[PDB]
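Novice: Residue numbers (PDB author numbering), protein chains in the order written: chain H, 443 to 491; chain C, 22 to 1130.
Each residue gets a CB set at the ideal place from its N, CA and C atoms; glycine is no exception.
I'd like to ask you about the structure that follows.
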Amino acid sequence: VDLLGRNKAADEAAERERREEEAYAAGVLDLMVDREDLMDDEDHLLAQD
Amino acid sequence: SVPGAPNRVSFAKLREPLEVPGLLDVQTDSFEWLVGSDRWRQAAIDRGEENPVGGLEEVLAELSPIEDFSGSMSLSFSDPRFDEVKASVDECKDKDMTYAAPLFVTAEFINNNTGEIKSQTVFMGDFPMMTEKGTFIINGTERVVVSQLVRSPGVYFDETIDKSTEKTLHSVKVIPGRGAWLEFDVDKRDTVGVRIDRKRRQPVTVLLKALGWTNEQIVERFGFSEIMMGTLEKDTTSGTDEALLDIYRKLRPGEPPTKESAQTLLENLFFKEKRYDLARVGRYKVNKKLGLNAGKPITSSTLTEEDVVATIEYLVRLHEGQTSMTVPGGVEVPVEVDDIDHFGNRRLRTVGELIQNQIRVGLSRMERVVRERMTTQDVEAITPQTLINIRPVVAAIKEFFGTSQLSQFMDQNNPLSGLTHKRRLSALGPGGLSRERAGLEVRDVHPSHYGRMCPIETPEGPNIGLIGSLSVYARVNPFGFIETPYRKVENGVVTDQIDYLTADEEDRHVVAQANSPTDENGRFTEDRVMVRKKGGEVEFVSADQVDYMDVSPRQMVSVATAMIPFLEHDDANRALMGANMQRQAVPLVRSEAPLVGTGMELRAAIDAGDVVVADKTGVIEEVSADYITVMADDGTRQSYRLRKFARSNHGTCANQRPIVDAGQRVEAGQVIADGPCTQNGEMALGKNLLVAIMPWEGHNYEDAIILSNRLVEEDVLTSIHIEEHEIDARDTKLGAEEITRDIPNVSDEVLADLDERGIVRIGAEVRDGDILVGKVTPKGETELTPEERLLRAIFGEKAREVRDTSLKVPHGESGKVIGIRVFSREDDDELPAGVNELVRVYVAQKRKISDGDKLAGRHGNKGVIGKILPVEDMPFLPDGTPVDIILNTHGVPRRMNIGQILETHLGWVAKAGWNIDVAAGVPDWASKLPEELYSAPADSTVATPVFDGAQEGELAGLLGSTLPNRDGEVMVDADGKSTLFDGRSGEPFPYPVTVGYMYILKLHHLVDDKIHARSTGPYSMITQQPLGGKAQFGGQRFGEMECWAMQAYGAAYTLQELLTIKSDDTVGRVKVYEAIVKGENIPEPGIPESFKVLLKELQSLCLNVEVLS
Ligand SMILES: [Mg+2]
């Protein structure tokens, strides 16, 4: 069995989970404050950068 | 030092061996090289170069000669010559021209079949030049090209560890920068694979055989490393020809495999200068790394036969573990792994090379059609003009100066901002890194910044680390490697043999500190000296091991950072904040040099170019508020125009005033006029104010600042702000809109300040909503409603065909009109297509300090002005002097910026002269003070150079030797504290408080530009939501987090009313407005557009979405 191993044949579902997670994060980053209207003392770096 | 040089006693103890070089040399030398100026030629040949070639000449030689496919004709270019500039800087800036000069090149055409020769001068066009300040005048704007930071092409060696089954793999990738890829990598199978063109792993022996190697020679020479023996064993190729055929088959199997084409492709791939080049810096890097063909100059732009074998041999040595290597025909070199962050690998693309790249692209685009015109025309009827089109090159150079990221508007906020901007090292742009990439890997401070890139001063925005500044002592190597000077040390004695070394050149030596004590002769007085090793680590070594020494303590800081006194006492973060804040100081109406500063105030002022310096010795003929006339010793008159009340790019007023009088002798280089933020030639960004460190009734709570009303009354912190309003009149499909004094449907009182032609008179005062220039547009269809028809019948005012569109003063702005500029097609002005007239009006205002304006020092201490007390309220010294500013005590120790307290103490010591009791003998603390610094009068200015400033003990001793005041008493005791009376109650404060003089500056973050408000205004065209991004009627963003907060509060009704009524609910919004104005209660909100639009869209996708109860 160890010699045979596994090939992960066409793990499309894993890619779907990857896309779902990536699709989630883009929303998380978009949730946070953008530089369009900042109201901090000085223009600091943001996680989007 | 310099002719003027106002007396400023310094606290320095060390001696400066090398004067600070021209701060603006980076921006000027590159361009001098590009245009091949005579002085550049003299400097290059004197350095040890023979027949040096300029950038333009280099590009022309690379392009020329060009031969047609038939091979019967040839075209060549040579001898580029420049002409006088079309106009002056001032004229170009006034008329929105471009400061450029005609460029000419000698073109020659040769007919091979016959022998006809045609030589002529072709007009290349207007080459944008630059002024003496390293700026380009593009369309009447001062743009700056910031040097870019890129990875120098060459051969690099790396080693990684496999994360699957341990063990390590070494690889070498060759980056040419203008051609394909060629790398050799080691796998975990005891082999050495070569992946040509990053396609697929191949045996190295295959490449060796292809070049013309055989098994016998391989087994005779590469007999050191066993891995390559295994690779040769695995190799199946027998002869050299098969290797070429095998490589050709593996590369492109589709095409037929033939020996001739197989060799030709590989020959074409890397061994041709027309497809694969190293840009003449990769060759130098490979020569320095491998060590081949050392000594003799090299012009080849390809890989030498020995280079590939040497690289492979070096790779196997590195895997083997040999720390040294040498090959016949070269010099022995060490073996190690290279990193991408190291400046022996990161070069600098200055303005000259940046322009050269675009010129090369333009010339290639031109040549593409030059050869076509050769192949399409008839012979014996062709001249250089008939096959040379200058349109593409001009278009390319124009596009680079108006769209390229590297070229951007020069920060004209103050002289220091411009000076720092010019000498900036950006790590992004075309061919650089993205703003959303390289996190905490390329923006970290590498141990190689020391002496070549300031490690403390850098923007805190998105570009942290990516953008930095060049150090004080640094000049770019002709190749493009930043090199720094060092003092030669031999046999433990420091000598005057300054040598400029690069990072890699420095990694082979041991450099010591500049403050290390030395004997009078020059020998080292101590035994163990602190030095830097080859790995960027600090270690104590023997005095004999010292190889080099730093030129001065402030060899790592930049110009901006060197202006911060007591920088060694401030934390790194606070120092960064202060350095970046010093570039945001608005020029004040009356500037004043700091009482306490460094030695960089003078130079930074002169090099910034914001002052006028006499060109040659002479006598001031006359002085006026507009110009200065000086008569030189040779009888040649010189006249300097003084740009007066000139608007800077950022809105600050930029003006100069003379500081000389008639009959005054002036030497060359002496400052005769001073700029916006300069006094007597020294930079004066801020003001010296009397500061008391103490909390005050909570008005300075949380970094807030309390100010005295005196600053307002005496214009201590007042500034001039100028804004430009522009409007055009153009032709329209309904007719040409005209500017006119007459305006419809408006009273005659509002336009009482308009002139004959409908423009506001100069000198008039304007507030928001005032008409600056009348303007009307054709309207068209009227179709008046019956209400309007009756209303205008009773009044009798007939319909007007035109609609009012006059320019209005934006809300919140006021001032006086100081200038008007008018352009028109009637007078042949170069207006854009369809535009008939253009009007610009300048409004200037006198902005005083007010609550909420940011205010900060040089040590990162920042705060808004929370209150401005009257004079009588502020705490006052026993002699009756009221303190000008109060800074909260709680904020100093936490922020870890104790340097501001030292600045305060030394400023007090400088304001009131000091006198050490040296009559009986120098005290112990004063034994280190220079002879000149034992006694000084009142209002003296002292210098405390960074890392070589006044020691804490010396300052403490000086505090106890201050002179008395007019009454004859000392206000501040030996501890730096003084008693203060309460201005409100009159009782003296229970304990003494720190009082002194601090240098503080007004930042551009004013309240007037940071106040917004909306009730009802413009709405978006598509989303129907209020639009933003502008300070007139921009709306605020209500994010999802605020929605979560509202939901947590349980505030259902507020969330609904805020998401629908106040945004994209057209039906209910007008009803809400009507209810508010009528006094009726607000109706219940409807359904937002964001839902009806969603419903219609989702229905459009053949989805039967329906609602039900
Ligand atoms: Mg804050």
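Identify whether residue 968/C lies in helix, strand or coil by the three-state DSSP scheme.
Specialist: Mapped onto the second sequence, residue 968/C falls at position 947. Residue state, collapsed to three classes: coil.
Novice: Whose Cβ in chain H lies nearer than 7 Å to the Cβ of residue 815/C?
Specialist: Taking the second sequence and counting its residues from 1, the one referred to as residue 815/C is at position 794. Here the premise fails: no neighbours, minimum Cβ distance about 48 Å.
Novice: Starting from residue 144/C and walking both ways along the beta strand (DSSP E), at which residues does that stretch end?
Specialist: Here residue 144/C is taken as the residue at index 123 of the second sequence, counted from 1. Here the beta strand (DSSP E) through residue 144/C covers 138-149.
Novice: Just to confirm the assignment, what range does the beta strand (DSSP E) spanning residue 880/C have?
Specialist: The sequence position of residue 880/C within the second sequence is 859, counting from 1. Where residue 880/C is concerned, there is no enclosing beta strand (DSSP E), given that its DSSP letter is neither H nor E.
Novice: Which residues in the same chain have their Cβ closer than 6 Å to the Cβ of residue 622/C, if we skip the five residues on either side of it in sequence?
Specialist: The residue given as residue 622/C occupies position 601 in the second sequence. Contacts found: 703, 704.
Novice: Compute the Euclidean distance between the alpha carbons of residue 184/C and residue 209/C, then round it to the nearest angstrom.
Specialist: As a working note, residue 184/C is residue 163 in the second sequence. As a working note, residue 209/C is residue 188 in the second sequence. Approximately 12 Å between the Cα atoms of the pair.
Novice: Looking at the structure shown, is residue 305/C part of a helix, part of a strand, or coil, going by DSSP?
Specialist: On the second sequence, residue 305/C is found 284 positions in, with the first residue counted as 1. In the structure shown, residue 305/C sits in a helix (DSSP, three-state: H, G or I).
Novice: Tell me which residues pass a beta-carbon proximity test against ligand 1: closer than 7 Å to any heavy atom, given in chain order.
Specialist: Any residue whose Cβ sits closer than 7 Å to a heavy atom of ligand 1 makes the list: 482/H, 483/H.
Novice: Return the CA-CA distance between residue 118/C and residue 161/C, expressed in angstroms with no decimal places.
Specialist: Position 97 of the second sequence, counted from the first residue, corresponds to residue 118/C. Position 140 of the second sequence, counted from the first residue, corresponds to residue 161/C. The straight-line gap from Cα to Cα measures roughly 5 Å.
Novice: Could you have a look at residue 1082/C and say whether DSSP puts it in helix, strand or coil?
Specialist: Locating residue 1082/C in the second sequence gives position 1061, counting from the first residue. If DSSP states are grouped into helix, strand and coil, residue 1082/C belongs with the helices.
Novice: I'd like to know if residue 223/C contacts chain H, where contact means its C-beta is closer than 8 Å to some C-beta of that chain.
Specialist: Mapped onto the second sequence, residue 223/C falls at position 202. False, the Cβ-Cβ gap to chain H never drops below 8 Å.
Novice: Taking only runs of the alpha helix (DSSP H) that begin and end inside the stretch 42-115 of chain C, which ones reach a length of at least 4 residues, in chain order?
Specialist: Those alpha helix (DSSP H) runs which fall completely within the stretch 42-115 of chain C and span 4+ residues are 46-56, 59-68, 76-84, 110-115.
Novice: Look at the Cβ atom of residue 557/C, then the Cβ atom of residue 468/C, and state whether they are nearer than 8 Å.
Specialist: In the second sequence, the residue the question calls residue 557/C occupies position 536. In the second sequence, the residue the question calls residue 468/C occupies position 447. Yes; because the gap between Cβ atoms is below 8 Å, this pair is in contact.
Novice: Cβ of residue 487/H less than 8 Å from any chain C Cβ?
Specialist: The sequence position of residue 487/H within the first sequence is 45, counting from 1. Taking Cβ atoms only, chain C reaches closer than 8 Å to residue 487/H, which makes this a yes.
Novice: Excluding five sequence neighbours on each side, which residues of the same chain lie with their C-beta closer than 8 Å to the C-beta of residue 427/C?
Specialist: For the purposes of this step, residue 427/C is taken as residue 406 along the second sequence, with counting starting at 1. So the qualifying residues of the chain are 166, 167, 169, 375, 447, 450, 451.
Novice: Given that a residue counts as buried once 16 or more other Cβ atoms are within 10 Å of its Cβ, and exposed if not, what is residue 48/C?
Specialist: Locating residue 48/C in the second sequence gives position 27, counting from the first residue. Buried.
Novice: If the cut is a Cβ gap below 9 Å, which residues of chain C does residue 473/H touch?
Specialist: For this step, residue 473/H is matched to residue 31 along the first sequence. By Cβ distance, chain C contributes 1060, 1061, 1062.
Novice: Give every residue of the same chain whose Cβ lies closer than 6 Å to the Cβ of residue 653/C, excluding the five residues on either side of it in the sequence, and list them in chain order.
Specialist: Numbered from 1 along the second sequence, position 632 holds the residue referred to as residue 653/C. Correct list, in chain order: 637, 639.
Novice: Considering only the beta carbon of each residue, do residue 536/C and residue 25/C sit closer than 8 Å?
Specialist: The sequence position of residue 536/C within the second sequence is 515, counting from 1. The sequence position of residue 25/C within the second sequence is 4, counting from 1. Going by C-beta atoms, residue 536/C is not nearer than 8 Å to residue 25/C.
Novice: Out of curiosity, what's the CA-to-CA distance linking residue 480/H and residue 671/C?
Specialist: On the first sequence, position 38 is the one that residue 480/H refers to. On the second sequence, position 650 is the one that residue 671/C refers to. Roughly 20 Å separates the two Cα atoms.
Novice: Please determine if the stretch 140-160 of chain C and the stretch 102-112 of chain C are in contact, where contact requires at least 3 C-beta pairs separated by less than 8 Å.
Specialist: At 8 Å Cβ cutoff, the stretches touch.
Novice: Which of the residues in the stretch 474-486 of chain C, read from start to end, lie with their CB under 9 Å from any CB of chain H?
Specialist: So the close ones are 480, 481, 482, 483, 484, 485.
Novice: Any beta carbon from chain C within less than 8 Å of residue 506/H's own beta carbon?
Specialist: Outside the displayed range of chain H (443 to 491) lies residue 506/H, so it cannot be described from this structure.
Novice: If distances are taken between C-alpha atoms only, which option among 821/C, 303/C, 579/C, 796/C comes closest to residue 805/C?
Specialist: On the second sequence, position 784 is the one that residue 805/C refers to. Cα-wise, what sits closest to residue 805/C is 821/C.
Novice: Mind pulling the chain H residues with CB within less than 9 Å of residue 691/C?
Specialist: Numbered from 1 along the second sequence, position 670 holds the residue referred to as residue 691/C. Per Cβ cutoff of 9 Å: no residues; residue 691/C is ~39 Å from chain H at best.
Novice: So with CB distances below 8 Å, who are the chain C contacts of residue 478/H?
Specialist: Along the first sequence, one-based indexing puts residue 478/H at 36. What residue 478/H touches in chain C: 1049, 1050, 1058.
Novice: Quick one: what's got a C-beta closer than 6 Å to residue 791/C's C-beta in the same chain, skipping five residues either side?
Specialist: The sequence position of residue 791/C within the second sequence is 770, counting from 1. Answer for residue 791/C: 830, listed in chain order.
Novice: Enumerate, from N- to C-terminal direction, the unbroken beta strand (DSSP E) stretches of 3 or more residues contained entirely within the stretch 533-585 of chain C.
Specialist: Within the stretch 533-585 of chain C, the complete beta strand (DSSP E) runs of at least 3 residues are 549-553, 559-563, 569-571.
Novice: Are the Cβ atoms of residue 266/C and residue 255/C separated by less than 8 Å?
Specialist: Sequence index remark: in the second sequence, residue 266/C carries index 245 (1-based). Sequence index remark: in the second sequence, residue 255/C carries index 234 (1-based). No; because the gap between Cβ atoms is not below 8 Å, this pair is not in contact.
Novice: Does DSSP put residue 914/C in a helix, in a strand, or in coil?
Specialist: Within the second sequence, residue 914/C is the residue found at index 893, counting from 1. Residue 914/C falls in the helix class under three-state DSSP.
Novice: Taking 8 Å as the threshold (C-beta atoms), are residue 760/C and residue 800/C in contact?
Specialist: If you number the second sequence from 1, residue 800/C lands on position 779. If you number the second sequence from 1, residue 760/C lands on position 739. Against a cut-off of 8 Å, the Cβ pair of residue 760/C and residue 800/C comes out as no contact.
Novice: Are the CB atoms of residue 333/C and residue 176/C nearer to each other than 8 Å?
Specialist: Reading the second sequence from its first residue, position 312 is the one you call residue 333/C. Reading the second sequence from its first residue, position 155 is the one you call residue 176/C. Not in contact: residue 333/C and residue 176/C (Cβ atoms no closer than 8 Å).
Novice: In this structure, how does DSSP classify residue 766/C when only helix, strand and coil are distinguished?
Specialist: Within the second sequence, residue 766/C is the residue found at index 745, counting from 1. The answer is coil: DSSP assigns residue 766/C none of H, G, I, E or B.
Novice: Reducing DSSP to helix, strand and coil, say where residue 346/C ends up.
Specialist: Within the second sequence, numbered from 1, the residue matching residue 346/C stands at position 325. Three-state result, residue 346/C: strand.
Novice: Taking the alpha-carbon of residue 1157/C as reference, which of 675/C, 131/C, 776/C has the nearest alpha-carbon?
Specialist: Missing from the structure shown is residue 1157/C; chain C here goes from 22 to 1130 and no further.
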